[PDB]
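Next up: just one chain, as structure tokens, the form deposited in one PDB entry.
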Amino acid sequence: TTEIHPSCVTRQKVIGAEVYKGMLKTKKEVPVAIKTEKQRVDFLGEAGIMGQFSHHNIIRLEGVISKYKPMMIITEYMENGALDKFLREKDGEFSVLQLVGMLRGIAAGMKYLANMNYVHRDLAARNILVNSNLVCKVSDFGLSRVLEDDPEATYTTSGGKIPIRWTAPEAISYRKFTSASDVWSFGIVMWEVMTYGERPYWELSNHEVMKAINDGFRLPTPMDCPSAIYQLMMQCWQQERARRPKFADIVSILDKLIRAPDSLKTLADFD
């Protein structure tokens, strides 16, 4: 990671909550997002992992401020924010081609992480940021690791929490997290994109989802979804992780559909 010095940094507004919008001087200045004792340890820790990543579809770490207070993790800024909220907002305005391009981008980033032997564990549209060019980039806001136990509790959460509706069965039952379980999660993300941000298994409780998945049921087709796209998510949801596509097969399959777009034709796109 690169140590940024606080003079090139200007916080401006609180985006969420802390994560600010700011400006980073590079001459020209660029806009950035700024995230600000066990909590301090993990904070600087996560930056070290981010700094190892450099890919078009992975949130880019500009640097960190670890020698001054406030301590800061600085990334590029993603104007359009989190993909799930963004799709619920643009419900219907994108073609299948544009939606499958976002999925391609997401899979490209996930192929890069798998090549690094990095297992995400929380691949979900809420962790995908979007910029003014509709480029999608994998991120991790850390909600899986938010500590809500009492500081004197007899029993504490170990292993963090899992996103039950996004997590492969083997990872739920045996904590076997691999790129293959990320691929399952990627399938859920395809369904999220294609439904413009619907809640997976919206009619079911959490326990009913685990019971549904073990009975062989999966998310239903999205409306207006081309068959090839729904086929691919179904492949992502095979129960035996070894039969799922690799993130390389995925990027490849999406590339073939995009280059032969008649396979992405859905009547709603007809004019």
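Each residue number is its position in the shown sequence, starting from 1. Rigid core: the largest C-alpha set superposing within 1.5 Å between the two forms.
This protein has a second form, the form deposited in another entry, left out of what is shown; the following refers to that one.
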- Looking at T221, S66, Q239, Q235, which has a Cα shift of 2 angstroms or more between the shown form and the other one when the rigid core is held fixed? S66
- Is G142 one of the residues whose C-alpha moves 2 Å or more between the shown form and the other one after the core fit? yes
- Rigid core fitted, then: does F53 show a CA shift of 2 angstroms or greater between the shown form and the other one? no
- Cα separation of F141 and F86 in the other entry versus here, shift of 3 Å or more: farther
